[PDB]
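Trainee: Just so it is clear, I am handing over entry38.tsv, which has TSV, N, CA, C and O atoms.
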chain	number	residue	atom	x	y	z
A	221	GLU	N	63.02	82.71	86.45
A	221	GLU	CA	63.41	84.08	86.00
A	221	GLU	C	64.80	84.45	86.51
A	221	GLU	O	65.08	84.35	87.71
A	222	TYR	N	65.67	84.86	85.60
A	222	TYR	CA	67.03	85.25	85.96
A	222	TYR	C	67.38	86.61	85.39
A	222	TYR	O	67.00	86.95	84.27
A	223	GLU	N	68.12	87.40	86.17
A	223	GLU	CA	68.53	88.73	85.74
A	223	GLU	C	69.96	89.03	86.18
A	223	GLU	O	70.25	89.08	87.38
A	224	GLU	N	70.85	89.23	85.22
A	224	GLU	CA	72.23	89.52	85.47
A	224	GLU	C	72.45	91.02	85.62
A	224	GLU	O	71.87	91.83	84.90
A	225	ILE	N	73.29	91.36	86.56
A	225	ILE	CA	73.62	92.75	86.85
A	225	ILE	C	75.11	93.01	86.68
A	225	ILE	O	75.93	92.48	87.44
A	226	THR	N	75.46	93.83	85.69
A	226	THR	CA	76.85	94.16	85.42
A	226	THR	C	77.17	95.57	85.93
A	226	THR	O	76.85	96.56	85.28
A	227	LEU	N	77.79	95.64	87.10
A	227	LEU	CA	78.14	96.89	87.71
A	227	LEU	C	79.63	97.13	87.66
A	227	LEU	O	80.43	96.22	87.48
A	228	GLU	N	79.98	98.39	87.82
A	228	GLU	CA	81.33	98.84	87.80
A	228	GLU	C	82.04	98.67	89.12
A	228	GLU	O	81.43	98.53	90.18
A	229	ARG	N	83.34	98.70	89.01
A	229	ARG	CA	84.23	98.58	90.13
A	229	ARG	C	84.15	99.80	91.03
A	229	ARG	O	83.59	100.83	90.66
A	230	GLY	N	84.73	99.68	92.21
A	230	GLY	CA	84.73	100.75	93.16
A	230	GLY	C	86.11	101.32	93.41
A	230	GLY	O	86.72	101.91	92.52
A	231	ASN	N	86.61	101.12	94.63
A	231	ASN	CA	87.93	101.61	95.01
A	231	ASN	C	88.22	101.24	96.47
A	231	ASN	O	89.35	100.89	96.81
A	232	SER	N	87.20	101.33	97.30
A	232	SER	CA	87.33	101.01	98.72
A	232	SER	C	85.96	100.76	99.34
A	232	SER	O	85.75	101.03	100.53
A	233	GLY	N	85.04	100.24	98.54
A	233	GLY	CA	83.70	99.96	99.02
A	233	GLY	C	82.64	100.24	97.97
A	233	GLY	O	82.05	101.33	97.95
A	234	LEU	N	82.39	99.26	97.11
A	234	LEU	CA	81.40	99.40	96.04
A	234	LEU	C	80.10	100.00	96.56
A	234	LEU	O	79.47	100.82	95.89
A	235	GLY	N	79.70	99.58	97.76
A	235	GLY	CA	78.47	100.08	98.33
A	235	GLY	C	77.63	99.00	98.96
A	235	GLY	O	76.79	99.26	99.82
A	236	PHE	N	77.83	97.77	98.51
A	236	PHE	CA	77.08	96.63	99.02
A	236	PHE	C	77.95	95.73	99.88
A	236	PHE	O	79.14	95.58	99.62
A	237	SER	N	77.34	95.12	100.89
A	237	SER	CA	78.07	94.23	101.78
A	237	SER	C	77.63	92.79	101.58
A	237	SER	O	76.55	92.52	101.07
A	238	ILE	N	78.49	91.88	101.99
A	238	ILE	CA	78.22	90.46	101.86
A	238	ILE	C	78.61	89.70	103.12
A	238	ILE	O	79.51	90.11	103.85
A	239	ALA	N	77.92	88.59	103.35
A	239	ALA	CA	78.19	87.76	104.52
A	239	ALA	C	78.60	86.35	104.09
A	239	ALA	O	78.06	85.81	103.12
A	240	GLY	N	79.54	85.77	104.82
A	240	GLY	CA	80.00	84.43	104.49
A	240	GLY	C	80.60	83.72	105.68
A	240	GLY	O	80.95	84.35	106.68
A	241	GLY	N	80.73	82.40	105.57
A	241	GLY	CA	81.30	81.62	106.66
A	241	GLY	C	81.51	80.17	106.29
A	241	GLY	O	80.77	79.29	106.74
A	242	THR	N	82.52	79.92	105.47
A	242	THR	CA	82.83	78.56	105.05
A	242	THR	C	83.82	77.91	106.02
A	242	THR	O	83.58	76.81	106.52
A	243	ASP	N	84.92	78.60	106.28
A	243	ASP	CA	85.94	78.09	107.19
A	243	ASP	C	86.75	79.23	107.82
A	243	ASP	O	87.80	78.98	108.41
A	244	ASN	N	86.27	80.46	107.70
A	244	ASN	CA	86.97	81.61	108.26
A	244	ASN	C	86.41	81.97	109.64
A	244	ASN	O	87.14	81.97	110.63
A	245	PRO	N	85.10	82.28	109.73
A	245	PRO	CA	84.46	82.63	111.00
A	245	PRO	C	84.06	81.41	111.81
A	245	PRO	O	84.19	81.39	113.03
A	246	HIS	N	83.57	80.38	111.12
A	246	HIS	CA	83.14	79.15	111.77
A	246	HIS	C	83.01	78.02	110.76
A	246	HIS	O	82.70	78.25	109.59
A	247	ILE	N	83.25	76.79	111.22
A	247	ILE	CA	83.16	75.62	110.36
A	247	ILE	C	81.79	75.54	109.67
A	247	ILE	O	80.79	76.03	110.20
A	248	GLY	N	81.77	74.93	108.49
A	248	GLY	CA	80.52	74.80	107.75
A	248	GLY	C	80.68	73.97	106.49
A	248	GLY	O	81.77	73.89	105.93
A	249	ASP	N	79.59	73.35	106.05
A	249	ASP	CA	79.62	72.53	104.85
A	249	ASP	C	79.33	73.36	103.61
A	249	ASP	O	79.98	73.20	102.57
A	250	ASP	N	78.36	74.26	103.72
A	250	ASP	CA	77.99	75.13	102.60
A	250	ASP	C	78.94	76.32	102.50
A	250	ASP	O	78.91	77.22	103.34
A	251	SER	N	79.77	76.32	101.46
A	251	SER	CA	80.73	77.40	101.25
A	251	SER	C	80.06	78.61	100.61
A	251	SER	O	80.52	79.74	100.76
A	252	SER	N	78.97	78.37	99.88
A	252	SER	CA	78.24	79.44	99.21
A	252	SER	C	77.85	80.54	100.20
A	252	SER	O	77.04	80.32	101.09
A	253	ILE	N	78.45	81.72	100.03
A	253	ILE	CA	78.18	82.84	100.90
A	253	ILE	C	76.99	83.65	100.38
A	253	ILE	O	76.71	83.65	99.18
A	254	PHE	N	76.30	84.34	101.28
A	254	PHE	CA	75.14	85.14	100.92
A	254	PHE	C	75.35	86.62	101.20
A	254	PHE	O	76.20	87.00	102.00
A	255	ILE	N	74.55	87.44	100.53
A	255	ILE	CA	74.60	88.88	100.69
A	255	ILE	C	73.85	89.30	101.95
A	255	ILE	O	72.91	88.63	102.36
A	256	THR	N	74.29	90.39	102.57
A	256	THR	CA	73.66	90.85	103.79
A	256	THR	C	72.92	92.17	103.60
A	256	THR	O	71.77	92.30	104.02
A	257	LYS	N	73.57	93.15	102.98
A	257	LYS	CA	72.92	94.44	102.77
A	257	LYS	C	73.63	95.30	101.74
A	257	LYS	O	74.85	95.22	101.57
A	258	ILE	N	72.85	96.15	101.08
A	258	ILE	CA	73.35	97.06	100.08
A	258	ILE	C	73.35	98.48	100.65
A	258	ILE	O	72.29	99.10	100.77
A	259	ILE	N	74.52	98.98	101.01
A	259	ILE	CA	74.66	100.30	101.58
A	259	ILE	C	74.74	101.37	100.49
A	259	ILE	O	75.67	101.39	99.69
A	260	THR	N	73.75	102.26	100.47
A	260	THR	CA	73.71	103.34	99.49
A	260	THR	C	74.87	104.31	99.70
A	260	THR	O	75.25	104.60	100.84
A	261	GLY	N	75.43	104.80	98.60
A	261	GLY	CA	76.53	105.73	98.68
A	261	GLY	C	77.80	105.18	98.05
A	261	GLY	O	78.91	105.48	98.50
A	262	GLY	N	77.63	104.37	97.00
A	262	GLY	CA	78.78	103.80	96.33
A	262	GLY	C	78.49	103.49	94.87
A	262	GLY	O	77.35	103.62	94.42
A	263	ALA	N	79.52	103.08	94.14
A	263	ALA	CA	79.37	102.75	92.72
A	263	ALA	C	78.23	101.76	92.50
A	263	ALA	O	77.48	101.86	91.53
A	264	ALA	N	78.11	100.80	93.41
A	264	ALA	CA	77.06	99.79	93.32
A	264	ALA	C	75.68	100.42	93.38
A	264	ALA	O	74.84	100.20	92.51
A	265	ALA	N	75.44	101.22	94.43
A	265	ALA	CA	74.16	101.89	94.61
A	265	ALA	C	73.92	102.92	93.51
A	265	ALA	O	72.78	103.12	93.08
A	266	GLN	N	74.99	103.56	93.05
A	266	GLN	CA	74.89	104.57	92.01
A	266	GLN	C	74.36	103.96	90.71
A	266	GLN	O	73.50	104.54	90.05
A	267	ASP	N	74.88	102.78	90.36
A	267	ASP	CA	74.46	102.10	89.15
A	267	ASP	C	73.20	101.26	89.40
A	267	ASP	O	72.42	101.02	88.49
A	268	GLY	N	73.02	100.83	90.65
A	268	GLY	CA	71.87	100.03	90.99
A	268	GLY	C	72.09	99.21	92.24
A	268	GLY	O	72.12	99.74	93.35
A	269	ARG	N	72.23	97.90	92.07
A	269	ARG	CA	72.44	96.99	93.19
A	269	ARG	C	71.26	97.02	94.15
A	269	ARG	O	71.16	97.90	95.01
A	270	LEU	N	70.36	96.05	94.00
A	270	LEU	CA	69.18	95.95	94.85
A	270	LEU	C	69.52	95.28	96.18
A	270	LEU	O	70.62	94.76	96.36
A	271	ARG	N	68.57	95.30	97.10
A	271	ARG	CA	68.76	94.70	98.41
A	271	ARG	C	68.76	93.18	98.31
A	271	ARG	O	67.71	92.56	98.12
A	272	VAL	N	69.94	92.58	98.44
A	272	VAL	CA	70.07	91.13	98.36
A	272	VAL	C	70.23	90.51	99.74
A	272	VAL	O	70.60	91.19	100.70
A	273	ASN	N	69.94	89.22	99.84
A	273	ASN	CA	70.05	88.50	101.11
A	273	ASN	C	70.36	87.02	100.89
A	273	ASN	O	70.16	86.20	101.79
A	274	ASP	N	70.83	86.67	99.69
A	274	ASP	CA	71.15	85.29	99.37
A	274	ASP	C	72.46	85.18	98.60
A	274	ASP	O	73.06	86.19	98.23
A	275	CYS	N	72.90	83.95	98.37
A	275	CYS	CA	74.15	83.70	97.65
A	275	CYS	C	73.94	83.84	96.15
A	275	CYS	O	72.91	83.45	95.61
A	276	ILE	N	74.94	84.40	95.47
A	276	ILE	CA	74.89	84.59	94.03
A	276	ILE	C	75.16	83.28	93.30
A	276	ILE	O	75.86	82.41	93.82
A	277	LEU	N	74.60	83.14	92.11
A	277	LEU	CA	74.78	81.93	91.31
A	277	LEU	C	76.18	81.91	90.68
A	277	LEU	O	76.84	80.87	90.66
A	278	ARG	N	76.61	83.05	90.18
A	278	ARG	CA	77.92	83.16	89.55
A	278	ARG	C	78.42	84.60	89.56
A	278	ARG	O	77.64	85.54	89.62
A	279	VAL	N	79.74	84.75	89.51
A	279	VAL	CA	80.37	86.06	89.52
A	279	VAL	C	81.40	86.17	88.40
A	279	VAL	O	82.33	85.37	88.32
A	280	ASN	N	81.23	87.18	87.55
A	280	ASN	CA	82.15	87.39	86.44
A	280	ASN	C	82.20	86.17	85.53
A	280	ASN	O	83.24	85.85	84.95
A	281	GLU	N	81.06	85.49	85.40
A	281	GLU	CA	80.96	84.29	84.57
A	281	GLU	C	81.55	83.06	85.27
A	281	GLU	O	81.51	81.96	84.73
A	282	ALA	N	82.09	83.26	86.47
A	282	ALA	CA	82.68	82.16	87.23
A	282	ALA	C	82.00	82.00	88.58
A	282	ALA	O	81.69	82.99	89.25
A	283	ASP	N	81.76	80.76	88.97
A	283	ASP	CA	81.12	80.45	90.22
A	283	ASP	C	82.09	80.58	91.39
A	283	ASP	O	83.08	79.86	91.47
A	284	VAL	N	81.79	81.50	92.30
A	284	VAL	CA	82.64	81.73	93.47
A	284	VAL	C	82.10	80.99	94.69
A	284	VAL	O	82.08	81.52	95.80
A	285	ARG	N	81.67	79.75	94.49
A	285	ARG	CA	81.14	78.93	95.57
A	285	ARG	C	82.24	78.11	96.23
A	285	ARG	O	81.99	77.30	97.12
A	286	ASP	N	83.45	78.35	95.78
A	286	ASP	CA	84.62	77.66	96.30
A	286	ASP	C	85.61	78.65	96.90
A	286	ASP	O	86.75	78.76	96.44
A	287	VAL	N	85.17	79.36	97.93
A	287	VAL	CA	86.01	80.34	98.60
A	287	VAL	C	85.77	80.35	100.10
A	287	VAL	O	84.88	79.68	100.61
A	288	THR	N	86.55	81.17	100.78
A	288	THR	CA	86.42	81.34	102.21
A	288	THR	C	85.73	82.67	102.47
A	288	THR	O	84.94	83.12	101.64
A	289	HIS	N	86.02	83.32	103.58
A	289	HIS	CA	85.41	84.60	103.87
A	289	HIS	C	86.24	85.72	103.28
A	289	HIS	O	85.71	86.63	102.64
A	290	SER	N	87.54	85.65	103.48
A	290	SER	CA	88.45	86.65	102.95
A	290	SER	C	88.67	86.46	101.45
A	290	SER	O	89.11	87.38	100.76
A	291	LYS	N	88.34	85.27	100.95
A	291	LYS	CA	88.50	84.99	99.54
A	291	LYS	C	87.31	85.54	98.77
A	291	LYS	O	87.46	86.12	97.69
A	292	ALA	N	86.12	85.37	99.33
A	292	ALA	CA	84.90	85.87	98.71
A	292	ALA	C	84.94	87.39	98.57
A	292	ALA	O	84.55	87.93	97.53
A	293	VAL	N	85.42	88.07	99.60
A	293	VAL	CA	85.51	89.51	99.58
A	293	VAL	C	86.43	89.97	98.46
A	293	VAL	O	86.19	91.00	97.82
A	294	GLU	N	87.49	89.21	98.24
A	294	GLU	CA	88.46	89.53	97.21
A	294	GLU	C	88.01	88.99	95.85
A	294	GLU	O	88.33	89.56	94.81
A	295	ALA	N	87.27	87.89	95.87
A	295	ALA	CA	86.79	87.27	94.64
A	295	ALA	C	85.96	88.25	93.82
A	295	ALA	O	85.90	88.16	92.59
A	296	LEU	N	85.32	89.18	94.51
A	296	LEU	CA	84.51	90.19	93.86
A	296	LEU	C	85.33	91.42	93.58
A	296	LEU	O	85.44	91.88	92.44
A	297	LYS	N	85.92	91.94	94.64
A	297	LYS	CA	86.76	93.12	94.56
A	297	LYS	C	87.81	92.95	93.49
A	297	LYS	O	88.07	93.84	92.69
A	298	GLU	N	88.43	91.78	93.50
A	298	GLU	CA	89.47	91.44	92.57
A	298	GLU	C	88.94	90.91	91.25
A	298	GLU	O	89.69	90.48	90.38
A	299	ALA	N	87.64	90.97	91.12
A	299	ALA	CA	86.96	90.51	89.91
A	299	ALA	C	87.35	91.36	88.71
A	299	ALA	O	87.31	90.90	87.57
A	300	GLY	N	87.73	92.61	88.97
A	300	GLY	CA	88.12	93.51	87.90
A	300	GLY	C	87.25	94.75	87.83
A	300	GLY	O	86.51	95.04	88.78
A	301	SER	N	87.32	95.47	86.72
A	301	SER	CA	86.53	96.68	86.54
A	301	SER	C	85.04	96.38	86.66
A	301	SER	O	84.46	96.48	87.74
A	302	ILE	N	84.42	95.99	85.56
A	302	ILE	CA	83.01	95.68	85.55
A	302	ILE	C	82.76	94.29	86.12
A	302	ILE	O	83.40	93.31	85.71
A	303	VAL	N	81.83	94.20	87.06
A	303	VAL	CA	81.48	92.93	87.68
A	303	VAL	C	80.05	92.53	87.35
A	303	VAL	O	79.12	93.31	87.56
A	304	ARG	N	79.88	91.33	86.82
A	304	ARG	CA	78.55	90.84	86.46
A	304	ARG	C	78.12	89.69	87.35
A	304	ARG	O	78.82	88.69	87.49
A	305	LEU	N	76.94	89.84	87.96
A	305	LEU	CA	76.40	88.81	88.84
A	305	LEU	C	75.12	88.24	88.25
A	305	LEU	O	74.24	88.98	87.80
A	306	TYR	N	75.01	86.91	88.26
A	306	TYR	CA	73.83	86.25	87.71
A	306	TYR	C	73.00	85.61	88.83
A	306	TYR	O	73.52	84.92	89.69
A	307	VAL	N	71.69	85.87	88.79
A	307	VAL	CA	70.78	85.32	89.78
A	307	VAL	C	69.50	84.81	89.13
A	307	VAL	O	68.83	85.55	88.39
A	308	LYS	N	69.16	83.56	89.39
A	308	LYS	CA	67.96	82.95	88.82
A	308	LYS	C	66.98	82.54	89.91
A	308	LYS	O	67.38	82.07	90.97
A	309	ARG	N	65.69	82.74	89.64
A	309	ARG	CA	64.65	82.39	90.60
A	309	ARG	C	63.54	81.59	89.92
A	309	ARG	O	62.90	82.08	88.99
A	310	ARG	N	63.31	80.37	90.39
A	310	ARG	CA	62.28	79.52	89.83
A	310	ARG	C	60.97	79.69	90.58
A	310	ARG	O	60.95	79.81	91.81
A	311	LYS	N	59.86	79.70	89.84
A	311	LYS	CA	58.54	79.86	90.44
A	311	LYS	C	57.89	78.50	90.67
A	311	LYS	O	57.94	77.62	89.82
A	312	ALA	N	57.26	78.35	91.83
A	312	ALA	CA	56.59	77.10	92.18
A	312	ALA	C	55.41	77.35	93.12
A	312	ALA	O	55.04	78.50	93.36
A	313	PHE	N	54.83	76.27	93.63
A	313	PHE	CA	53.69	76.36	94.54
A	313	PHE	C	52.65	77.36	94.03
A	313	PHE	O	51.80	77.78	94.84
Could you take the file, read its structure, and then write that structure out as structure tokens?
Mentor:
Amino acid sequence: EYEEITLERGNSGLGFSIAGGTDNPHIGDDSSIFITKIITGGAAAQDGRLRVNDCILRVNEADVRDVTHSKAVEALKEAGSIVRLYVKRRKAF
């Protein structure tokens, strides 16, 4: 099951936060950064944005799995007006 979320841009804090660590905070093999928390009180929360805690599959139709910490923050922010995130979840066991 996959559900894409197309939210609008912000200005200085959409409302949701993200965590990452490819080569900025500490060395690592997995560049794919994950979400930490969705802070209510922003364009993101206003339109929606659920509580995430994992890495996104793609951003703005492009995979941002090739970034650093400061790049990921900008990869979204600099994504443009409307930002669309795709997330898929497979069922098993």
Trainee: One decimal, Å: what's the distance from atom CA of residue 300 of chain A over to atom CA of residue 249 of chain A, could you say?
Mentor: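 Value for the atom CA of residue 300 of chain A-atom CA of residue 249 of chain A distance: 28.3 Å.
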Trainee: Give the answer as one residue: which of A:280, A:288, A:237, A:232 has the shortest atom-to-atom distance to residue 250 of chain A, using only C-alpha atoms?
Mentor: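 Closest candidate: A:288.
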Trainee: Produce a table with one row for each residue of segment 264-306 of chain A that has an atom at most 8 Å from any atom of segment 241-248 of chain A, each row naming the nearest atom pair and its distance in Å at one decimal; use only N, CA, C and O atoms; arrange rows by chain and rising residue number; format as JSON lines.
Mentor:
{"residue": "A:287", "atom": "O", "partner": "A:242", "partner_atom": "CA", "distance": 5.0}
{"residue": "A:288", "atom": "CA", "partner": "A:243", "partner_atom": "N", "distance": 5.1}
{"residue": "A:289", "atom": "N", "partner": "A:244", "partner_atom": "N", "distance": 5.0}
{"residue": "A:290", "atom": "N", "partner": "A:244", "partner_atom": "CA", "distance": 6.3}
Trainee: By how many Å are atom N of residue 258 of chain A and atom N of residue 221 of chain A apart?
Mentor: 22.2 Å
Trainee: When distances are computed from only C-alpha atoms, which of A:251, A:309, A:259, A:264 shows the smallest separation from residue 283 of chain A?
Mentor: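 Checking each of A:251, A:309, A:259, A:264 against residue 283 of chain A, counting only C-alpha atoms, the winner is A:251.
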Trainee: Check chain A with DSSP on the backbone and list each residue it calls helix (DSSP H, G or I), as a ChimeraX atom specification.
Mentor: /A:263-267,289-297
Trainee: Choose the residue, out of A:267, A:286, A:274, A:281, that has the smallest atom-to-atom separation from residue 306 of chain A; count only C-alpha atoms.
Mentor: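 With only C-alpha atoms as the atom set, the closest residue is A:281.
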Trainee: Using backbone DSSP assignments, extract all strand (DSSP E) residues from chain A; output them as a list in words.
Mentor: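 Residues of chain A classed as strand (DSSP E): residues 225, 226, 227, 236, 237, 238, 239, 254, 255, 256, 257, 258, 278, 279, 303, 304, 305 and 306 of chain A.
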Trainee: With N, CA, C and O atoms retained, could you export that selection as a CSV table (one decimal), in the coordinates of the input?
Mentor:
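Output (out_16.csv):
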chain,number,residue,atom,x,y,z
A,225,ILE,N,73.3,91.4,86.6
A,225,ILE,CA,73.6,92.8,86.8
A,225,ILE,C,75.1,93.0,86.7
A,225,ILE,O,75.9,92.5,87.4
A,226,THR,N,75.5,93.8,85.7
A,226,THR,CA,76.8,94.2,85.4
A,226,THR,C,77.2,95.6,85.9
A,226,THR,O,76.8,96.6,85.3
A,227,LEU,N,77.8,95.6,87.1
A,227,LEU,CA,78.1,96.9,87.7
A,227,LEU,C,79.6,97.1,87.7
A,227,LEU,O,80.4,96.2,87.5
A,236,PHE,N,77.8,97.8,98.5
A,236,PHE,CA,77.1,96.6,99.0
A,236,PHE,C,78.0,95.7,99.9
A,236,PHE,O,79.1,95.6,99.6
A,237,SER,N,77.3,95.1,100.9
A,237,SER,CA,78.1,94.2,101.8
A,237,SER,C,77.6,92.8,101.6
A,237,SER,O,76.6,92.5,101.1
A,238,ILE,N,78.5,91.9,102.0
A,238,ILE,CA,78.2,90.5,101.9
A,238,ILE,C,78.6,89.7,103.1
A,238,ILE,O,79.5,90.1,103.8
A,239,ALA,N,77.9,88.6,103.4
A,239,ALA,CA,78.2,87.8,104.5
A,239,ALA,C,78.6,86.4,104.1
A,239,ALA,O,78.1,85.8,103.1
A,254,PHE,N,76.3,84.3,101.3
A,254,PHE,CA,75.1,85.1,100.9
A,254,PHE,C,75.4,86.6,101.2
A,254,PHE,O,76.2,87.0,102.0
A,255,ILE,N,74.6,87.4,100.5
A,255,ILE,CA,74.6,88.9,100.7
A,255,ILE,C,73.8,89.3,102.0
A,255,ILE,O,72.9,88.6,102.4
A,256,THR,N,74.3,90.4,102.6
A,256,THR,CA,73.7,90.8,103.8
A,256,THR,C,72.9,92.2,103.6
A,256,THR,O,71.8,92.3,104.0
A,257,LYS,N,73.6,93.2,103.0
A,257,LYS,CA,72.9,94.4,102.8
A,257,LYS,C,73.6,95.3,101.7
A,257,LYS,O,74.8,95.2,101.6
A,258,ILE,N,72.8,96.2,101.1
A,258,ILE,CA,73.4,97.1,100.1
A,258,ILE,C,73.4,98.5,100.6
A,258,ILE,O,72.3,99.1,100.8
A,278,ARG,N,76.6,83.0,90.2
A,278,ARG,CA,77.9,83.2,89.6
A,278,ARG,C,78.4,84.6,89.6
A,278,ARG,O,77.6,85.5,89.6
A,279,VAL,N,79.7,84.8,89.5
A,279,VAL,CA,80.4,86.1,89.5
A,279,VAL,C,81.4,86.2,88.4
A,279,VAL,O,82.3,85.4,88.3
A,303,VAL,N,81.8,94.2,87.1
A,303,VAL,CA,81.5,92.9,87.7
A,303,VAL,C,80.0,92.5,87.4
A,303,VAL,O,79.1,93.3,87.6
A,304,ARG,N,79.9,91.3,86.8
A,304,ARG,CA,78.6,90.8,86.5
A,304,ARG,C,78.1,89.7,87.4
A,304,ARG,O,78.8,88.7,87.5
A,305,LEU,N,76.9,89.8,88.0
A,305,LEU,CA,76.4,88.8,88.8
A,305,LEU,C,75.1,88.2,88.2
A,305,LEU,O,74.2,89.0,87.8
A,306,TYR,N,75.0,86.9,88.3
A,306,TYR,CA,73.8,86.2,87.7
A,306,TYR,C,73.0,85.6,88.8
A,306,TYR,O,73.5,84.9,89.7
Trainee: In Å, rounded to a single decimal, give me how far atom CA of residue 297 of chain A is from atom N of residue 231 of chain A.
Mentor: 8.0 Å
Trainee: Would you mind listing what lies within 5 Å of residue 256 of chain A as a list in words, with all atoms listed in the file counted and same-chain residues fewer than 6 positions away left out?
Mentor: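 Those residues are residues 237, 238, 239, 272 and 273 of chain A.
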Trainee: Keeping only N, CA, C and O atoms, write the selected residues to a file as a CSV table (one decimal), in the frame of the given file.
Mentor:
chain,number,residue,atom,x,y,z
A,237,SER,N,77.3,95.1,100.9
A,237,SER,CA,78.1,94.2,101.8
A,237,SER,C,77.6,92.8,101.6
A,237,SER,O,76.6,92.5,101.1
A,238,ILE,N,78.5,91.9,102.0
A,238,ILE,CA,78.2,90.5,101.9
A,238,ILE,C,78.6,89.7,103.1
A,238,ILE,O,79.5,90.1,103.8
A,239,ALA,N,77.9,88.6,103.4
A,239,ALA,CA,78.2,87.8,104.5
A,239,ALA,C,78.6,86.4,104.1
A,239,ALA,O,78.1,85.8,103.1
A,272,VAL,N,69.9,92.6,98.4
A,272,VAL,CA,70.1,91.1,98.4
A,272,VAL,C,70.2,90.5,99.7
A,272,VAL,O,70.6,91.2,100.7
A,273,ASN,N,69.9,89.2,99.8
A,273,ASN,CA,70.0,88.5,101.1
A,273,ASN,C,70.4,87.0,100.9
A,273,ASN,O,70.2,86.2,101.8
Trainee: Hey, what's within 8 Å of residue 265 of chain A if we count all atoms listed in the file and toss same-chain stuff fewer than 2 positions away? As number ranges by chain, please?
Mentor: A: 228, 233-236, 258-263, 267-270
Trainee: Using only N, CA, C and O atoms, can you tell me which of A:307, A:240, A:252, A:225 comes closest to residue 285 of chain A?
Mentor: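 Nearest to residue 285 of chain A: A:252.
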Trainee: Would you kindly return, as an MDAnalysis selection string, each protein, DNA or RNA residue with an atom no farther than 12 Å from any atom of residue 278 of chain A, considering only C-alpha atoms and excluding same-chain residues fewer than 6 positions away?
Mentor: chainID A and resid 222:226 252:254 284:286 292 295:296 299 303:308
Trainee: Take the residues just selected and output them with N, CA, C and O atoms as a compact mmCIF listing (two decimals), keeping the file's coordinate frame.
Mentor:
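Below is the file that was written, result.txt:
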# COMPACT_ATOMS: atom_id res chain seq x y z
N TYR A 222 65.67 84.86 85.60
CA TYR A 222 67.03 85.25 85.96
C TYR A 222 67.38 86.61 85.39
O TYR A 222 67.00 86.95 84.27
N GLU A 223 68.12 87.40 86.17
CA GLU A 223 68.53 88.73 85.74
C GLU A 223 69.96 89.03 86.18
O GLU A 223 70.25 89.08 87.38
N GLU A 224 70.85 89.23 85.22
CA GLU A 224 72.23 89.52 85.47
C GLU A 224 72.45 91.02 85.62
O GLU A 224 71.87 91.83 84.90
N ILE A 225 73.29 91.36 86.56
CA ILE A 225 73.62 92.75 86.85
C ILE A 225 75.11 93.01 86.68
O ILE A 225 75.93 92.48 87.44
N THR A 226 75.46 93.83 85.69
CA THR A 226 76.85 94.16 85.42
C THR A 226 77.17 95.57 85.93
O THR A 226 76.85 96.56 85.28
N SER A 252 78.97 78.37 99.88
CA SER A 252 78.24 79.44 99.21
C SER A 252 77.85 80.54 100.20
O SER A 252 77.04 80.32 101.09
N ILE A 253 78.45 81.72 100.03
CA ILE A 253 78.18 82.84 100.90
C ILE A 253 76.99 83.65 100.38
O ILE A 253 76.71 83.65 99.18
N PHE A 254 76.30 84.34 101.28
CA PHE A 254 75.14 85.14 100.92
C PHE A 254 75.35 86.62 101.20
O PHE A 254 76.20 87.00 102.00
N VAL A 284 81.79 81.50 92.30
CA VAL A 284 82.64 81.73 93.47
C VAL A 284 82.10 80.99 94.69
O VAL A 284 82.08 81.52 95.80
N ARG A 285 81.67 79.75 94.49
CA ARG A 285 81.14 78.93 95.57
C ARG A 285 82.24 78.11 96.23
O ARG A 285 81.99 77.30 97.12
N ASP A 286 83.45 78.35 95.78
CA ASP A 286 84.62 77.66 96.30
C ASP A 286 85.61 78.65 96.90
O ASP A 286 86.75 78.76 96.44
N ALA A 292 86.12 85.37 99.33
CA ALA A 292 84.90 85.87 98.71
C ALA A 292 84.94 87.39 98.57
O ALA A 292 84.55 87.93 97.53
N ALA A 295 87.27 87.89 95.87
CA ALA A 295 86.79 87.27 94.64
C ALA A 295 85.96 88.25 93.82
O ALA A 295 85.90 88.16 92.59
N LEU A 296 85.32 89.18 94.51
CA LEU A 296 84.51 90.19 93.86
C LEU A 296 85.33 91.42 93.58
O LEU A 296 85.44 91.88 92.44
N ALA A 299 87.64 90.97 91.12
CA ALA A 299 86.96 90.51 89.91
C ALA A 299 87.35 91.36 88.71
O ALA A 299 87.31 90.90 87.57
N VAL A 303 81.83 94.20 87.06
CA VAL A 303 81.48 92.93 87.68
C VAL A 303 80.05 92.53 87.35
O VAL A 303 79.12 93.31 87.56
N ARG A 304 79.88 91.33 86.82
CA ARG A 304 78.55 90.84 86.46
C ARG A 304 78.12 89.69 87.35
O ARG A 304 78.82 88.69 87.49
N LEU A 305 76.94 89.84 87.96
CA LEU A 305 76.40 88.81 88.84
C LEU A 305 75.12 88.24 88.25
O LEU A 305 74.24 88.98 87.80
N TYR A 306 75.01 86.91 88.26
CA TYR A 306 73.83 86.25 87.71
C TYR A 306 73.00 85.61 88.83
O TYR A 306 73.52 84.92 89.69
N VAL A 307 71.69 85.87 88.79
CA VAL A 307 70.78 85.32 89.78
C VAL A 307 69.50 84.81 89.13
O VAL A 307 68.83 85.55 88.39
N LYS A 308 69.16 83.56 89.39
CA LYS A 308 67.96 82.95 88.82
C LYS A 308 66.98 82.54 89.91
O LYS A 308 67.38 82.07 90.97
